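Report on the structure given below.
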Amino acid sequence: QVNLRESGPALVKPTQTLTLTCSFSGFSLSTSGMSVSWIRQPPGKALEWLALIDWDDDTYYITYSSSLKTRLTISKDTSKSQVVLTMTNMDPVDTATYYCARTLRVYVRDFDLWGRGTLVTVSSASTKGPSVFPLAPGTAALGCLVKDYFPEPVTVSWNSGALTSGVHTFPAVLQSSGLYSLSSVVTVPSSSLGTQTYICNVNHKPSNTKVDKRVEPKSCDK
Amino acid sequence: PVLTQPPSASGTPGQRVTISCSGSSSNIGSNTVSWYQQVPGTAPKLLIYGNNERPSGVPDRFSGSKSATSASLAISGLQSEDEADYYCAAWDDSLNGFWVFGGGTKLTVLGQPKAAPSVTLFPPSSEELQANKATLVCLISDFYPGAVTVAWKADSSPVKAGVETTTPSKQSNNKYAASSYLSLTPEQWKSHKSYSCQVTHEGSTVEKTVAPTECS
């Protein structure tokens, strides 16, 4: 299967160095003459190109933007099909989603395959894992409240991925405390409450925390 | 060098609209322009390349052109799913060489049927109350256009503090979602017989209510 995916720390402290890795596979017969770029996007703002490295040739390119041009390094490890972005002296304004993207050789250039993006937060605040609480229920809604974590992101599945229909995970709220909370709800037929187990699986990679919570019938249901 | 796009564009279903991208001789003037579609919160996808070519899978209603130092994306028959941000990009051979993206254009498809919000309201869980906290959670989904206002009541009186509400965000089905949280102490929660979340969307207000329970 084709893939292109970014990995690296979700949190970095100001002045420290960020290292992100782009890994790919599944298109080895299309890599001749290709290049890989890093592109970022602060929340609610435009795409910004950072750097490009040629896969077969030795050249690389970096943005001329004055606040970035001395802080960026791009490199490659062909033995692993990886491209690495190293960015020094990180600042809170560098908080953004970082994407890697491919340009194939066929002077026609473009970014035809993109990774899913990886969120990087630059902050002095420490990572904090979530506390998960059940949200007890023709249909019924039940869910999980994922409270007080930092930084983003959290993902939520149900029944180990087995249950996907009727699931809805909401974007997080940012509290004045600086911590995030989010909720995930699944809408199910009422009568399935007695025949189906519902467990939310919460993953907070930044804190290396995973939580399974079974959602039971409401206690003191008056 | 920068690429210049209008910050926003709009049309109604079935209309044909264009989005422009203005550059210079060293980018658009001498290199292929590409366009990208992005739903906020998800990765961009290639939409047009080589000035006027359509990547595999992209619907035929999308087309691109370029002349001199400006390029244009045309959408011929707006559909609901076309609501997105659109970026142009081009390589620039000046200086040491660099890519440039435009600032993006947010496209709204106006004149669509309204979709009223589904609202679910949860009370604090017994587990949270045991942890000396109380959160009411109002989840709002499947609405269009993407704007709501939320008001909370304690019994029949307006709530004056403790509410945090998210900005609306696009769902995968091109409708919007948002959530509102009311934080109380367990003592505040038990000091009223009900609480309500009232959601107003395009002048229409609905509400859900929950009531504390006590089993001693």
Side-chain angles (χ1 to χ4, degrees), chain A residues 5-22 38-51 62-63 65-75 83-100 115-133 145-156 169-184 202-211, chain B residues 40-43 128 131-133 135 161-167 169 179 181 183:
Chain A
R5 184 163 288 181
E6 311 82 355
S7 60
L11 182 62
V12 54
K13 289 177 183 294
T15 85
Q16 304 222 295
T17 297
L18 167 66
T19 303
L20 295 179
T21 304
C22 183
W38 283 95
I39 297 162
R40 72 178 185 177
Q41 190 170 40
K45 315 221 174 199
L47 298 163
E48 182 178 28
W49 176 86
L50 301 178
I62 306 292
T63 182
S65 188
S66 59
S67 67
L68 287 165
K69 67 180 185 177
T70 70
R71 298 193 291 133
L72 289 166
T73 292
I74 187 167
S75 65
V83 169
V84 178
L85 183 70
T86 308
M87 186 172 177
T88 56
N89 197 22
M90 297 294 291
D91 185 272
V93 298
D94 297 312
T95 292
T97 297
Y98 286 75
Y99 297 100
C100 68
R116 63 180 181 183
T118 193
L119 182 60
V120 175
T121 299
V122 185
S123 177
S124 59
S126 306
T127 198
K128 188 182 179 300
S131 303
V132 182
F133 295 95
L145 167 62
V146 180
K147 272 187 94 182
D148 292 335
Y149 63 90
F150 180 83
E152 290 266 57
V154 152
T155 60
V156 183
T169 298
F170 287 73
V173 72
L174 176 56
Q175 312 162 54
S176 59
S177 65
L179 302 174
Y180 298 92
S181 296
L182 68 70
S183 302
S184 176
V202 176
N203 192 23
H204 186 234
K205 293 175 177 179
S207 72
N208 289 287
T209 300
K210 288 185 179 60
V211 187
Chain B
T42 74
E128 187 188 22
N132 198 26
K133 294 292 176 180
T135 302
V163 176
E164 47 203 6
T165 298
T166 67
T167 60
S169 57
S179 51
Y181 293 85
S183 303

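Note on naming: letters A, B, ... go to the chains in the order of the sequence lines (proteins, then strands), and numbering restarts at 1 for each one.
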**Asked** Would you say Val211(A) and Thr209(A) make side-chain contact, with heavy atoms under 4.5 Å?
**Response** yes
**OG1 on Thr118(A) to CG on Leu18(A), rounded to 0.5 Å** = 9.0 Å
**Request:** Can you sort out the partners of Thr166(B) under side chain to side chain donor-acceptor pair (under 3.5 Å), two or more places apart, ordered by chain and number?
**Result:** none
**Prompt:** Of all heavy-atom pairs between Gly8(A) and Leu20(A), which one has the smallest distance, and what is that distance?
**Reply:** CA-CD2, 3.7 Å
**Item:** Non-hydrogen atoms of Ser124(A) and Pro14(A) that approach each other most closely
**Value:** N-CD, 3.7 Å
**Prompt:** Heavy atoms, side chains only, cut-off 4.5 Å: are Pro206(A) and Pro9(A) in contact?
**Reply:** no
**Request:** Side-chain contact test, heavy atoms from C-beta onward, threshold under 4.5 Å: evaluate it for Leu50(A) versus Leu85(A) and give yes or no.
**Result:** yes
**Request:** State which residues pass side chain to side chain donor-acceptor pair (under 3.5 Å) with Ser179(B); sequence neighbours excluded, sorted by chain then number.
**Result:** none
**Fill in**
Those residues at least two apart in sequence (or on a different chain) that pass side chain to side chain donor-acceptor pair (under 3.5 Å) with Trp49(A) are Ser37(A)
**Request:** Give the C-alpha distance, both sets of side-chain angles, the deciding distance and a yes or no for side-chain contact (heavy atoms from CB on, under 4.5 Å) between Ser207(A) and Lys128(A).
**Result:** CA-CA 6 Å; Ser207(A) 72; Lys128(A) 188 182 179 300; over 6 Å; no
**Prompt:** Roughly how far apart are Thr95(A) OG1 and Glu152(A) CD, rounded to 0.5 Å?
**Reply:** 12.0 Å
**Prompt:** Does a side chain donor of either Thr73(A) or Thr86(A) reach within less than 3.5 Å of an acceptor in the other side chain?
**Reply:** no
**Note, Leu72(A) side chain near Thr63(A) side chain (heavy atom, < 4.5 Å)** = yes
**Fill in**
OG of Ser183(B) to NZ of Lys133(B), rounded to nearest 0.5 Å, is 8.0 Å
**Request:** With sequence neighbours excluded, tell me which residues meet side-chain contact (heavy atoms from CB on, under 4.5 Å) with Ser123(A).
**Result:** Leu11(A), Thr121(A), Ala125(A), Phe150(A)
**Prompt:** So, do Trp38(A) and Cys22(A) sit near enough that their side-chain heavy atoms are less than 4.5 Å apart?
**Reply:** yes
**Prompt:** Under the side-chain contact (heavy atoms from CB on, under 4.5 Å) test, which residues partner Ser7(A), sequence neighbours left out?
**Reply:** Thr21(A)
**Request:** Using side-chain contact (heavy atoms from CB on, under 4.5 Å) as the criterion, list what pairs up with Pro40(B), not counting sequence neighbours.
**Result:** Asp85(B)
List the atom pairs, with distances to 0.1 Å, where a side-chain N or O of residues 171-183 of chain A and a protein N or O form a donor-acceptor pair under 3.5 Å, not counting sequence neighbours.
unit_1    : atom_1 : unit_2    : atom_2 : d
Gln175(A) : NE2    : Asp148(A) : OD1    : 3.0
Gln175(A) : NE2    : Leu179(A) : O      : 3.3
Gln175(A) : NE2    : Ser181(A) : OG     : 3.0
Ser177(A) : OG     : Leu179(A) : N      : 3.2
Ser181(A) : OG     : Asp148(A) : N      : 3.1
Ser183(A) : OG     : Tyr181(B) : OH     : 2.8

**Asked** What do the steps show when you test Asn203(A) against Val156(A) for side-chain contact (heavy atoms from CB on, under 4.5 Å), and what is the final call?
**Response** CA-CA 6 Å; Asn203(A) 192 23; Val156(A) 183; over 6 Å; no
**salt bridge (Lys or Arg N to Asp or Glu O under 4.0 Å) partners of residues 85-96 of chain A, not counting sequence neighbours, each pair once** = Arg40(A)-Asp94(A), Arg71(A)-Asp94(A)
**Request:** Apply side-chain contact (heavy atoms from CB on, under 4.5 Å) to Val84(A) and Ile74(A), showing your working.
**Result:** CA-CA 6 Å; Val84(A) 178; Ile74(A) 187 167; over 6 Å; no
**Prompt:** With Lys147(A), which residues qualify under side chain to side chain donor-acceptor pair (under 3.5 Å), at least two apart?
**Reply:** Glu128(B)
**Request:** Not counting sequence neighbours, which residues clear side-chain contact (heavy atoms from CB on, under 4.5 Å) with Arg5(A)? List them please.
**Result:** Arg116(A)
**Prompt:** Should we count NZ of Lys205(A) as having more than 12 external heavy atoms under 6.0 Å?
**Reply:** no
**Fill in**
Closest heavy-atom pair, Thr97(A) versus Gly117(A), reported as atoms and distance to 0.1 Å, is CG2-CA, 3.8 Å
**Request:** Would you mind listing every salt bridge (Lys or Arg N to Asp or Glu O under 4.0 Å) that reaches into residues 6-18 of chain A, with sequence neighbours excluded?
**Result:** none
**Fill in**
In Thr127(A), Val202(A), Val154(A), the residue satisfying side-chain contact (heavy atoms from CB on, under 4.5 Å) with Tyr149(A) is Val154(A)
**Heavy-atom check, side chain of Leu47(A) versus side chain of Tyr99(A), under 4.5 Å** = yes
**Item:** side-chain contact (heavy atoms from CB on, under 4.5 Å) assessment of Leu68(A) paired with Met87(A)
**Value:** CA-CA 9 Å; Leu68(A) 287 165; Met87(A) 186 172 177; 3.4 Å; yes
**Asked** Between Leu119(A) and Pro151(A), is any pair of side-chain heavy atoms under 4.5 Å apart?
**Response** no
